[PDB]
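Q: Next up is a structure, given as structure tokens.
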Amino acid sequence: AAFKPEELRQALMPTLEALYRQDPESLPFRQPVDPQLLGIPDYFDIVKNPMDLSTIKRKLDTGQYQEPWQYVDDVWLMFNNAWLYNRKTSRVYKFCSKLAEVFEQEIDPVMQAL
Ligand SMILES: CC(=O)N1CCc2c(c(Nc3ccc(-c4cnn(C)c4)cc3F)nn2[C@H]2CCOC2)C1
């Protein structure tokens with residue numbers, strides 16, 4: 001199957017918006033991590049492939065996904081980066097876990113539809 005850019009946007013953008021709607025849980029994920037602003041200079045030494053909601057949105061808007069699984073992979077990269085970097089007791093880690101639950105719920109019916 002070949003997927004057209006607007007087909008992917010129409011199907012997948014609502015799943016990304018579902019994450020944005022989580023407040024406060026999406027707040028640490030709405031923009032790229034800025035280690036200087038956040039006072040965490042070790043961030044890029046630990047996280048080699050940063051990813052965040054705004055980058056995923058831009059990739060959908062600019063047709064950079066050819067297959068739905070590539071979008072899923074970027075969302076999961078964002079989650080895995082946060083679980084790797086942040087401590088289990090931290091706000092960002094627990095917020096990540098909530099987003100992962102929401103994403104799992106929203107993405108499945110969409111994948112069944114395509
Ligand atoms: C995604 C990721 O790995 N990050 C690396 C670590 C990090 C990140 C944010 N950002 C952030 C955190 C919390 C809130 C927030 C808003 N409302 N509430 C109740 C909480 C908003 C944010 F933008 N802080 N920290 C660290 C630095 C000091 O604090 C924890 C991003």
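A note on labels: chains of the structure tokens are A, B, ... as shown, every chain counts residues from 1, and ligands are counted from 1 in their shown order.
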For residue 105 (chain A), please output as JSON, numbers by chain all residues within 12 Å (counting only C-alpha atoms; exclusion window: fewer than 6 positions along the same chain).
A: {"A": [15, 16, 18, 19, 98, 99, 111]}
Q: Could those residues be written to a file, using N, CA, C and O atoms, as an mmCIF file, in the first residue's frame?
A:
data_model
loop_
_atom_site.group_PDB
_atom_site.id
_atom_site.type_symbol
_atom_site.label_atom_id
_atom_site.label_comp_id
_atom_site.auth_asym_id
_atom_site.auth_seq_id
_atom_site.Cartn_x
_atom_site.Cartn_y
_atom_site.Cartn_z
ATOM 1 N N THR A 15 -4.381 11.983 16.396
ATOM 2 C CA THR A 15 -3.735 11.257 17.488
ATOM 3 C C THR A 15 -2.671 12.110 18.158
ATOM 4 O O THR A 15 -2.486 12.026 19.381
ATOM 5 N N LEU A 16 -1.983 12.953 17.386
ATOM 6 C CA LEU A 16 -1.022 13.875 17.979
ATOM 7 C C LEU A 16 -1.738 14.957 18.779
ATOM 8 O O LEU A 16 -1.300 15.326 19.880
ATOM 9 N N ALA A 18 -4.446 14.608 20.347
ATOM 10 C CA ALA A 18 -4.874 13.987 21.599
ATOM 11 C C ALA A 18 -3.789 14.093 22.664
ATOM 12 O O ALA A 18 -4.090 14.259 23.852
ATOM 13 N N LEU A 19 -2.523 13.999 22.260
ATOM 14 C CA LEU A 19 -1.433 14.177 23.218
ATOM 15 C C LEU A 19 -1.319 15.631 23.659
ATOM 16 O O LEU A 19 -1.189 15.919 24.852
ATOM 17 N N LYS A 98 1.795 8.812 31.139
ATOM 18 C CA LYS A 98 0.413 9.146 30.819
ATOM 19 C C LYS A 98 0.233 9.341 29.320
ATOM 20 O O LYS A 98 -0.717 8.823 28.724
ATOM 21 N N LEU A 99 1.141 10.083 28.685
ATOM 22 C CA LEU A 99 1.042 10.258 27.239
ATOM 23 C C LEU A 99 1.098 8.931 26.504
ATOM 24 O O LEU A 99 0.401 8.745 25.498
ATOM 25 N N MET A 111 -4.858 2.936 13.250
ATOM 26 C CA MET A 111 -4.084 1.963 12.489
ATOM 27 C C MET A 111 -4.990 0.934 11.830
ATOM 28 O O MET A 111 -4.756 0.543 10.682
#
Q: Using only C-alpha atoms and all ligand atoms, I'd like a table of the residues in chain A that come within 8 Å of ligand 1; for each, show the closest atom pair and its distance in Å rounded to one decimal, ordered by chain and ascending number, as a Markdown table.
A:
| residue | atom | partner | partner_atom_place_in_ligand_line | distance |
| --- | --- | --- | --- | --- |
| A:23 | CA | ligand 1 | 17 (N) | 7.6 |
| A:24 | CA | ligand 1 | 17 (N) | 4.9 |
| A:25 | CA | ligand 1 | 18 (N) | 7.1 |
| A:26 | CA | ligand 1 | 21 (C) | 7.9 |
| A:27 | CA | ligand 1 | 21 (C) | 4.7 |
| A:28 | CA | ligand 1 | 23 (F) | 3.4 |
| A:29 | CA | ligand 1 | 1 (C) | 5.2 |
| A:30 | CA | ligand 1 | 23 (F) | 7.5 |
| A:31 | CA | ligand 1 | 23 (F) | 7.9 |
| A:32 | CA | ligand 1 | 1 (C) | 7.9 |
| A:33 | CA | ligand 1 | 31 (C) | 5.3 |
| A:34 | CA | ligand 1 | 31 (C) | 7.7 |
| A:35 | CA | ligand 1 | 5 (C) | 7.5 |
| A:38 | CA | ligand 1 | 27 (C) | 4.9 |
| A:39 | CA | ligand 1 | 27 (C) | 6.5 |
| A:40 | CA | ligand 1 | 27 (C) | 6.6 |
| A:43 | CA | ligand 1 | 5 (C) | 7.3 |
| A:52 | CA | ligand 1 | 1 (C) | 7.7 |
| A:78 | CA | ligand 1 | 1 (C) | 7.7 |
| A:81 | CA | ligand 1 | 3 (O) | 6.5 |
| A:82 | CA | ligand 1 | 3 (O) | 4.3 |
| A:83 | CA | ligand 1 | 3 (O) | 7.7 |
| A:85 | CA | ligand 1 | 3 (O) | 6.0 |
| A:86 | CA | ligand 1 | 3 (O) | 6.1 |
| A:90 | CA | ligand 1 | 30 (C) | 7.2 |
| A:91 | CA | ligand 1 | 13 (C) | 6.3 |
| A:92 | CA | ligand 1 | 12 (C) | 5.8 |
| A:93 | CA | ligand 1 | 3 (O) | 7.7 |
| A:96 | CA | ligand 1 | 1 (C) | 7.8 |
Q: Pick from A:60, A:113, A:70, A:107: nearest to residue 8 (chain A), with only C-alpha atoms counted?
A: A:60
Q: Using DSSP on the backbone, list every residue of region 14-97 of chain A that comes out as alpha helix (DSSP H), and give them as a PyMOL selection string.
A: chain A and resi 14-20+35-38+43-46+53-61+68-85+91-97
Q: Restricting the calculation to only C-alpha atoms: of A:77, A:110, A:84, A:54, which residue gets closest to residue 10 (chain A)?
A: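 Smallest separation from residue 10 (chain A) among the options: A:110.
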Q: Name the closest residue to residue 76 (chain A) among the candidates A:6, A:50, A:41, A:109; distances are taken between atoms, counting only C-alpha atoms.
A: A:50
Q: Would you mind listing what lies within 12 Å of residue 3 (chain A) as a list in words, with only C-alpha atoms counted and same-chain residues fewer than 2 positions away left out?
A: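 These residues fall inside the cut-off: residues 1, 5, 6, 7, 8, 9, 10, 11, 12, 63, 64, 65, 66, 67, 68, 69, 70 and 114 of chain A.
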